[PDB]
Structure formats: structure tokens, C-alpha cells
$ cat upload-v6.txt   # compact mmCIF, C-alpha atoms
# COMPACT_ATOMS: atom_id res chain seq x y z
CA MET Q 1 70.83 6.12 -34.53
CA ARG Q 2 74.22 7.04 -36.11
CA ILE Q 3 74.40 10.33 -38.05
CA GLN Q 4 71.20 12.36 -38.31
CA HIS Q 5 70.92 12.77 -34.51
CA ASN Q 6 73.62 12.94 -31.81
CA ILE Q 7 71.87 12.74 -28.45
CA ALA Q 8 74.96 12.98 -26.23
CA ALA Q 9 75.70 16.42 -27.65
CA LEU Q 10 72.10 17.50 -26.96
CA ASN Q 11 72.37 16.44 -23.31
CA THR Q 12 75.73 18.20 -23.01
CA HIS Q 13 74.23 21.36 -24.51
CA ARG Q 14 71.36 21.26 -22.00
CA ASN Q 15 73.73 20.92 -19.04
CA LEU Q 16 76.00 23.66 -20.42
CA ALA Q 17 73.06 26.06 -20.74
CA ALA Q 18 71.96 25.28 -17.17
CA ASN Q 19 75.45 25.90 -15.78
CA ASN Q 20 75.73 29.20 -17.67
CA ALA Q 21 72.37 30.32 -16.29
CA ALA Q 22 73.39 29.48 -12.72
CA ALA Q 23 76.69 31.34 -13.10
CA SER Q 24 74.81 34.37 -14.44
CA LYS Q 25 72.48 34.32 -11.42
CA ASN Q 26 75.50 34.21 -9.11
CA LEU Q 27 77.07 37.15 -10.97
CA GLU Q 28 73.84 39.11 -10.48
CA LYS Q 29 73.82 38.36 -6.75
CA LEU Q 30 77.49 39.34 -6.39
CA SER Q 31 77.28 42.60 -8.35
CA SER Q 32 74.01 43.70 -6.72
CA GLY Q 33 75.11 42.82 -3.21
CA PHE Q 34 71.59 41.55 -2.43
CA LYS Q 35 70.42 37.94 -2.24
CA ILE Q 36 66.85 38.77 -3.34
CA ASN Q 37 66.61 40.87 -6.51
CA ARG Q 38 63.35 39.33 -7.76
CA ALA Q 39 60.32 37.77 -6.11
CA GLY Q 40 61.14 34.46 -7.78
CA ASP Q 41 64.25 34.36 -5.60
CA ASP Q 42 62.20 34.33 -2.39
CA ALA Q 43 58.59 35.42 -1.91
CA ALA Q 44 58.40 35.29 1.91
CA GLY Q 45 61.30 37.56 2.76
CA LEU Q 46 60.81 40.17 0.08
CA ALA Q 47 57.72 41.39 1.94
CA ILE Q 48 59.53 41.12 5.28
CA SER Q 49 62.47 43.11 3.90
CA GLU Q 50 60.19 45.85 2.59
CA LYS Q 51 58.29 46.16 5.87
CA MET Q 52 61.58 46.21 7.80
CA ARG Q 53 62.97 48.92 5.51
CA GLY Q 54 59.84 50.98 6.12
CA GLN Q 55 60.20 50.52 9.87
CA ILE Q 56 63.90 51.45 9.78
CA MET S 1 71.62 34.32 -26.36
CA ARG S 2 75.38 33.56 -26.62
CA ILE S 3 77.58 36.21 -28.27
CA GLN S 4 75.85 39.33 -29.56
CA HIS S 5 74.53 40.28 -26.09
CA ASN S 6 75.98 39.67 -22.61
CA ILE S 7 73.30 40.62 -20.10
CA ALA S 8 75.28 39.84 -16.92
CA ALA S 9 77.84 42.47 -17.88
CA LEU S 10 75.05 45.01 -18.47
CA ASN S 11 73.61 44.39 -15.00
CA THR S 12 77.09 44.64 -13.47
CA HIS S 13 77.68 47.93 -15.31
CA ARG S 14 74.39 49.32 -13.97
CA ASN S 15 75.26 48.41 -10.38
CA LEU S 16 78.80 49.78 -10.78
CA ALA S 17 77.46 53.12 -12.03
CA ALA S 18 75.02 53.31 -9.12
CA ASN S 19 77.76 52.60 -6.56
CA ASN S 20 80.03 55.23 -8.12
CA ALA S 21 77.23 57.80 -7.98
CA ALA S 22 76.54 57.06 -4.31
CA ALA S 23 80.24 57.34 -3.45
CA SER S 24 80.41 60.68 -5.26
CA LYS S 25 77.43 61.97 -3.27
CA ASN S 26 79.15 60.91 -0.04
CA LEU S 27 82.34 62.69 -1.13
CA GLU S 28 80.31 65.85 -1.75
CA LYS S 29 78.74 65.65 1.71
CA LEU S 30 82.12 65.07 3.36
CA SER S 31 83.99 67.86 1.57
CA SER S 32 81.17 70.39 1.97
CA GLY S 33 80.56 69.58 5.62
CA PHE S 34 76.79 69.98 5.07
CA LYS S 35 74.20 67.22 4.71
CA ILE S 36 71.92 69.31 2.45
CA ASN S 37 73.67 70.91 -0.53
CA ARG S 38 70.68 70.70 -2.90
CA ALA S 39 66.92 70.75 -2.47
CA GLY S 40 66.75 67.21 -3.85
CA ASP S 41 68.59 66.11 -0.72
CA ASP S 42 65.79 67.32 1.56
CA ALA S 43 63.06 69.86 0.77
CA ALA S 44 61.58 70.29 4.27
CA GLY S 45 64.71 71.25 6.17
CA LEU S 46 66.31 73.48 3.57
CA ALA S 47 63.61 76.08 4.26
CA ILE S 48 63.92 75.51 8.01
CA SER S 49 67.70 75.93 7.82
CA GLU S 50 67.39 79.18 5.87
CA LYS S 51 64.84 80.64 8.29
CA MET S 52 66.98 79.57 11.25
CA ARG S 53 70.07 81.17 9.69
CA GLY S 54 68.12 84.39 9.23
CA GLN S 55 66.98 84.29 12.84
CA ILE S 56 70.52 83.60 14.09
CA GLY J 1 63.90 19.82 -22.81
CA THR J 2 64.10 16.35 -21.28
CA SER J 3 61.02 15.14 -23.16
CA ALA J 4 62.28 16.59 -26.45
CA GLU J 5 65.64 14.84 -26.10
CA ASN J 6 64.00 11.50 -25.26
CA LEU J 7 61.56 11.68 -28.18
CA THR J 8 64.41 12.74 -30.48
CA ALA J 9 66.32 9.62 -29.45
CA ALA J 10 63.24 7.49 -30.08
CA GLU J 11 62.60 9.01 -33.51
CA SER J 12 66.27 8.60 -34.45
CA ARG J 13 66.21 4.93 -33.50
CA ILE J 14 62.99 4.42 -35.46
CA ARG J 15 63.72 6.25 -38.71
CA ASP J 16 67.46 6.90 -39.02
CA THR J 17 69.73 4.16 -40.37
CA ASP J 18 72.96 2.67 -39.08
CA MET J 19 75.73 3.36 -41.58
CA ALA J 20 77.70 0.20 -40.81
CA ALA J 21 74.90 -2.28 -41.51
CA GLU J 22 73.95 -0.62 -44.80
CA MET J 23 77.63 -0.51 -45.80
CA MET J 24 77.86 -4.25 -45.11
CA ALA J 25 74.73 -4.96 -47.16
CA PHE J 26 75.89 -2.75 -50.03
CA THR J 27 79.30 -4.43 -50.25
CA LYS J 28 77.63 -7.85 -50.12
CA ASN J 29 75.21 -6.94 -52.91
CA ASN J 30 78.03 -5.55 -55.08
CA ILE J 31 80.01 -8.77 -54.69
CA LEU J 32 76.90 -10.78 -55.61
CA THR J 33 76.33 -8.55 -58.65
CA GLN J 34 79.89 -9.17 -59.85
CA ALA J 35 79.49 -12.92 -59.31
CA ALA J 36 76.26 -12.97 -61.32
CA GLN J 37 77.92 -10.92 -64.08
CA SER J 38 80.75 -13.45 -64.41
CA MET J 39 78.28 -16.35 -64.29
CA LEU J 40 76.24 -14.81 -67.10
CA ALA J 41 79.36 -14.21 -69.18
CA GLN J 42 80.11 -17.93 -68.79
CA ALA J 43 76.54 -19.07 -69.49
CA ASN J 44 76.47 -17.10 -72.74
CA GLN J 45 79.59 -18.95 -73.92
CA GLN J 46 78.34 -22.37 -72.76
CA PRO J 47 76.15 -23.14 -75.85
CA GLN J 48 78.83 -23.58 -78.53
CA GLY J 49 78.26 -26.86 -80.36
CA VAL J 50 79.21 -25.58 -83.80
CA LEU J 51 82.00 -28.18 -83.99
CA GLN J 52 79.33 -30.85 -84.42
CA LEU J 53 78.41 -29.48 -87.82
CA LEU J 54 81.60 -28.16 -89.43
CA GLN J 55 85.17 -29.41 -89.11
CA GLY T 1 67.78 51.00 -17.41
CA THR T 2 65.95 47.97 -16.01
CA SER T 3 63.47 47.91 -18.90
CA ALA T 4 66.25 48.30 -21.48
CA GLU T 5 68.20 45.38 -20.02
CA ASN T 6 65.12 43.15 -19.94
CA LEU T 7 64.11 43.95 -23.52
CA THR T 8 67.72 43.45 -24.63
CA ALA T 9 67.65 39.97 -23.09
CA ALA T 10 64.35 39.24 -24.84
CA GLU T 11 65.61 40.45 -28.23
CA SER T 12 68.83 38.46 -27.82
CA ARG T 13 66.89 35.28 -27.07
CA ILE T 14 64.61 35.90 -30.06
CA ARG T 15 67.09 36.85 -32.78
CA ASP T 16 70.62 35.86 -31.73
CA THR T 17 71.79 32.29 -32.28
CA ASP T 18 73.44 29.77 -29.98
CA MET T 19 76.90 28.94 -31.31
CA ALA T 20 76.95 25.37 -30.00
CA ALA T 21 73.76 24.20 -31.73
CA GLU T 22 74.77 25.67 -35.08
CA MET T 23 78.23 24.14 -34.72
CA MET T 24 76.59 20.76 -34.11
CA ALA T 25 74.35 21.15 -37.15
CA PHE T 26 77.22 22.32 -39.36
CA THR T 27 79.44 19.37 -38.42
CA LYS T 28 76.52 16.98 -39.00
CA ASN T 29 75.81 18.45 -42.43
CA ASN T 30 79.49 18.28 -43.42
CA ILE T 31 79.64 14.60 -42.46
CA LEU T 32 76.48 13.96 -44.48
CA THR T 33 77.97 15.83 -47.45
CA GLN T 34 81.09 13.65 -47.34
CA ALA T 35 78.97 10.50 -47.10
CA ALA T 36 76.90 11.53 -50.12
CA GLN T 37 80.09 12.36 -52.05
CA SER T 38 81.49 8.87 -51.44
CA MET T 39 78.13 7.28 -52.29
CA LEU T 40 78.01 9.16 -55.59
CA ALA T 41 81.58 8.16 -56.42
CA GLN T 42 80.49 4.54 -55.90
CA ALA T 43 77.23 4.89 -57.86
CA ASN T 44 79.10 6.31 -60.85
CA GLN T 45 81.32 3.20 -60.91
CA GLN T 46 78.42 0.77 -60.39
CA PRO T 47 77.28 0.60 -64.07
CA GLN T 48 80.23 -1.23 -65.65
CA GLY T 49 78.96 -4.19 -67.67
CA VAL T 50 81.44 -3.85 -70.50
CA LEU T 51 82.74 -7.37 -69.78
CA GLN T 52 79.49 -8.74 -71.21
CA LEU T 53 80.44 -7.54 -74.68
CA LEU T 54 84.21 -7.87 -75.02
CA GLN T 55 86.57 -10.42 -73.49
CA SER B 1 58.78 20.80 -32.91
CA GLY B 2 55.91 21.65 -30.57
CA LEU B 3 58.03 21.05 -27.47
CA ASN B 4 60.89 23.22 -28.72
CA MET B 5 58.49 26.01 -29.68
CA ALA B 6 56.84 25.70 -26.26
CA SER B 7 60.26 26.10 -24.63
CA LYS B 8 60.74 29.26 -26.69
CA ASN B 9 57.31 30.54 -25.66
CA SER B 10 58.00 29.83 -21.98
CA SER B 11 61.23 31.82 -22.19
CA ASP B 12 59.30 34.70 -23.79
CA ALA B 13 56.80 34.61 -20.92
CA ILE B 14 59.69 34.69 -18.43
CA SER B 15 61.01 37.81 -20.17
CA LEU B 16 57.59 39.49 -19.93
CA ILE B 17 57.28 38.65 -16.23
CA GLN B 18 60.78 39.98 -15.55
CA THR B 19 59.76 43.24 -17.23
CA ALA B 20 56.74 43.60 -14.94
CA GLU B 21 58.74 42.79 -11.78
CA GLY B 22 61.39 45.33 -12.73
CA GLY B 23 58.61 47.85 -13.17
CA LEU B 24 57.28 47.18 -9.67
CA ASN B 25 60.70 47.42 -7.97
CA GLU B 26 60.71 51.18 -8.51
CA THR B 27 57.14 51.32 -7.19
CA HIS B 28 58.48 49.77 -3.97
CA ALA B 29 61.32 52.31 -3.84
CA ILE B 30 59.23 55.44 -4.32
CA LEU B 31 56.60 54.11 -1.91
CA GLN B 32 59.31 53.83 0.74
CA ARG B 33 60.36 57.40 -0.03
CA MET B 34 56.74 58.60 0.22
CA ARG B 35 56.33 56.91 3.60
CA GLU B 36 59.51 58.60 4.83
CA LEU B 37 58.15 61.96 3.59
CA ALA B 38 54.83 61.41 5.38
CA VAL B 39 56.50 60.44 8.66
CA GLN B 40 58.58 63.62 8.44
CA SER B 41 55.56 65.77 7.49
CA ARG B 42 53.58 64.34 10.42
CA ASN B 43 55.59 66.19 13.09
CA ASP B 44 54.50 69.60 14.42
CA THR B 45 57.91 71.22 13.95
CA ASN B 46 56.75 71.93 10.39
CA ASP B 47 54.67 75.03 9.65
CA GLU B 48 51.89 75.37 7.10
CA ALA B 49 52.46 79.15 7.15
CA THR B 50 56.08 79.18 5.91
CA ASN B 51 55.49 76.37 3.41
CA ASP B 52 57.32 73.52 5.20
CA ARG B 53 54.77 70.81 4.34
CA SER B 54 53.87 72.13 0.87
CA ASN B 55 57.39 71.27 -0.32
$ encode --input "upload-v6.txt" --output "C-alpha cells"
Amino acid sequence: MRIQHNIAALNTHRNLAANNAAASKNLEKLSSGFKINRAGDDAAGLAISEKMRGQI
Amino acid sequence: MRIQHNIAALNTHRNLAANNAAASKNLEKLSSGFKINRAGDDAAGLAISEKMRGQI
Amino acid sequence: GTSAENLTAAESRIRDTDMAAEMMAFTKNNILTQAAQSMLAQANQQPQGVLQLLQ
Amino acid sequence: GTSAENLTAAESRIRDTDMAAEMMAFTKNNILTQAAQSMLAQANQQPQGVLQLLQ
Amino acid sequence: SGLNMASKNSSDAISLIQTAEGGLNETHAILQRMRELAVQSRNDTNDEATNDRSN
């Protein structure tokens, strides 16, 4: 309730970690120049891109 | 997680090195005036070019 | 993460103590202790009827 | 290069520490240390019943 | 404690999966290169005699 646990700081830490992760993802997308670097980014579209690259 | 390692900068460094290498290859191709300066560029086509030069 | 934070809040509210309430209670109990000390010091002096006997 | 970056991320998450959480814990422990110091300073003064004896 | 350790374990699993995906990206790349090589080999300009396709 008072000392042993400070829940506001925990919530703030969570949100801070999430924001840092999102900024890191954006940095990856900007440095790479591609919007899809992993399949977790977009599954339907990775396959399409690979087939289109083969066709090109 | 926070300080000792900065993974975004590592990824950015990788991509930067790759882009520099590609630009250097393009500079080589532009200064030389030939598209195939090594056999790694194109194996089937180096031989054809050499035979055609001999025939010419 | 959400569940851990919520259960941490619950466990804190269950087991951890509020400093202000315990401070209040401790000050109250100290004041009562002092009052009882003075009262006992008086009660020990109350039975003095030696002036009945001697003079 | 890809494998080295991924394993570096993994090793960082395993062994390296988050500064914010340890800062939180350190501040908490300092506050608790101060509280215990004050409580001990009080507890040392609590046993004073010399006014029973003298007057 | 279990929830925090499970968060840690989930992050470890994410690291493993990222390793495997990074492994398969180069598979994609060299497969594209192999397809390009086959489409070039497929034409009849190339001679088996003077070792055009064996390269």
C-alpha cells in the first residue's frame, strides 16, 4: 500500500518499455528501407513479394 | 536490455555497411565501363565474352 | 505484465502496511505508556499513613 | 551477422539489467533503511522508566 | 514470480524464433539466385561443349 510496492512506477516502466520497442522497430524499418523484414510483420505479402521478385 | 548492448545501432551498422558495399560495386562498374569485372559477377557470360573476343 | 501488476497491487494492499496509521497508533500508545507511568508513580506514593503512628 | 545480432540481443536480455527497475528498488530500499533507522532511534529511547525510582 | 518468469521465457522463445527466421531469409535469397541461374542456363545460347552451363 505505501512503501514496499509502488504500482504507478511499474505501469510507467511497462509503457516506457513498449515505447522503446516501437521506436526500435521504426528504426529497423528506416535503416533497412523495407517495411517487411520478418514474417511477423506481415505473412501475406512476404510470399507475394518473394514470388514477384522471382518473376522480375 | 538497456545499456550494455544497443541492438538497433547494430542493425543500422549492418545495413549501412551493405549499402556502402553496393555503392562501391556500382562505382567499379561505372569507372571500368564493363558489367563483368570478376567471375563472381557472372560466370556464364565471362566465358562467352572471352570466346567472342577471340573470334572478333 | 498486466496481470502481474494487478496481482502485485492486490498483494501490496493485503500484506503491506500504511505508514501513517501505524505512526498514529505508535504515538498514541507511547502517550498512553507515559500516562500510565505517571499514574503508577502517583499510586506508589498514595499509601503513606505513617503520620497516624508517629508525630 | 544476422545470427550474431540475434544472439547478442538474447544475451543482453538474459544477463544485462534494466536501469529503471534497479533504480526503483534502490530508492525503495533506501527509504526503508531510513525508516528503520528512525524506528531504532525511537526504540532505544522507549525504555526510560527511571522516574519510577527517583523523583 | 511465475508470471515474471513466464514473461522472461516468452522473450527467450521470441529470440529463438528470430534466429530461425534470420536463418531462412538467406535461404530465400540464394533460392532467388538459383532460380535466376536456372532461367539463364535454360536458353540454347549456352553450349555444353565449351563449358557454359557447367560454370
$ atom_distance --input "upload-v6.txt" --atom1 "atom CA of residue 33 of chain S" --atom2 "atom CA of residue 38 of chain B"
27.0 Å
$ closest_atom_pairs --input "upload-v6.txt" --of "chain S" --to "chain B" --cutoff "7 Å" --atoms "only C-alpha atoms" --output "Markdown table"
| residue | atom | partner | partner_atom | distance |
| --- | --- | --- | --- | --- |
| S:43 | CA | B:55 | CA | 5.9 |
| S:44 | CA | B:52 | CA | 5.4 |
| S:47 | CA | B:52 | CA | 6.9 |
$ residues_around --input "upload-v6.txt" --residues "segment 2-13 of chain T" --least-positions-apart "3" --cutoff "7 Å" --atoms "only C-alpha atoms" --output "list in words"
residues 1, 5 and 7 of chain S; 16 of chain T; 12, 15, 18, 19 and 22 of chain B
$ interface_residues --input "upload-v6.txt" --of "chain T" --to "chain J" --cutoff "9 Å" --atoms "all atoms listed in the file" --output "CSV table (one decimal) with C-alpha atoms, keeping the file's coordinate frame"
chain,number,residue,atom,x,y,z
T,46,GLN,CA,78.4,0.8,-60.4
T,49,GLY,CA,79.0,-4.2,-67.7
T,51,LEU,CA,82.7,-7.4,-69.8
T,52,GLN,CA,79.5,-8.7,-71.2
T,53,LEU,CA,80.4,-7.5,-74.7
$ interface_residues --input "upload-v6.txt" --of "chain Q" --to "chain J" --cutoff "9 Å" --atoms "only C-alpha atoms" --output "ChimeraX atom specification"
/Q:1-7,10-11,14
$ interface_residues --input "upload-v6.txt" --of "chain B" --to "chain T" --cutoff "12 Å" --atoms "all atoms listed in the file" --output "VMD selection string"
chain B and resid 5 7 to 26
$ write_last_selection --input "upload-v6.txt" --atoms "C-alpha atoms" --output "CSV table (one decimal), keeping the file's coordinate frame"
chain,number,residue,atom,x,y,z
B,5,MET,CA,58.5,26.0,-29.7
B,7,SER,CA,60.3,26.1,-24.6
B,8,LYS,CA,60.7,29.3,-26.7
B,9,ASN,CA,57.3,30.5,-25.7
B,10,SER,CA,58.0,29.8,-22.0
B,11,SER,CA,61.2,31.8,-22.2
B,12,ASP,CA,59.3,34.7,-23.8
B,13,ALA,CA,56.8,34.6,-20.9
B,14,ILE,CA,59.7,34.7,-18.4
B,15,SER,CA,61.0,37.8,-20.2
B,16,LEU,CA,57.6,39.5,-19.9
B,17,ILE,CA,57.3,38.6,-16.2
B,18,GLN,CA,60.8,40.0,-15.6
B,19,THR,CA,59.8,43.2,-17.2
B,20,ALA,CA,56.7,43.6,-14.9
B,21,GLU,CA,58.7,42.8,-11.8
B,22,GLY,CA,61.4,45.3,-12.7
B,23,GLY,CA,58.6,47.8,-13.2
B,24,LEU,CA,57.3,47.2,-9.7
B,25,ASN,CA,60.7,47.4,-8.0
B,26,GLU,CA,60.7,51.2,-8.5
$ atom_distance --input "upload-v6.txt" --atom1 "atom CA of residue 18 of chain Q" --atom2 "atom CA of residue 1 of chain B"
21.0 Å
$ closest_atom_pairs --input "upload-v6.txt" --of "chain S" --to "chain Q" --cutoff "9 Å" --atoms "all atoms listed in the file" --output "Markdown table"
| residue | atom | partner | partner_atom | distance |
| --- | --- | --- | --- | --- |
| S:7 | CA | Q:24 | CA | 8.6 |
| S:8 | CA | Q:24 | CA | 6.0 |
| S:9 | CA | Q:27 | CA | 8.8 |
| S:11 | CA | Q:28 | CA | 7.0 |
| S:12 | CA | Q:31 | CA | 5.5 |
| S:13 | CA | Q:31 | CA | 8.8 |
| S:15 | CA | Q:32 | CA | 6.1 |
| S:16 | CA | Q:31 | CA | 7.7 |
$ atom_distance --input "upload-v6.txt" --atom1 "atom CA of residue 39 of chain B" --atom2 "atom CA of residue 55 of chain Q"
10.7 Å
$ axis_aligned_box --input "upload-v6.txt" --around "segment 23-37 of chain T" --padding-each-side "5 Å" --output "JSON"
{"center_x": 77.7, "center_y": 17.3, "center_z": -43.1, "size_x": 16.7, "size_y": 23.6, "size_z": 27.9}
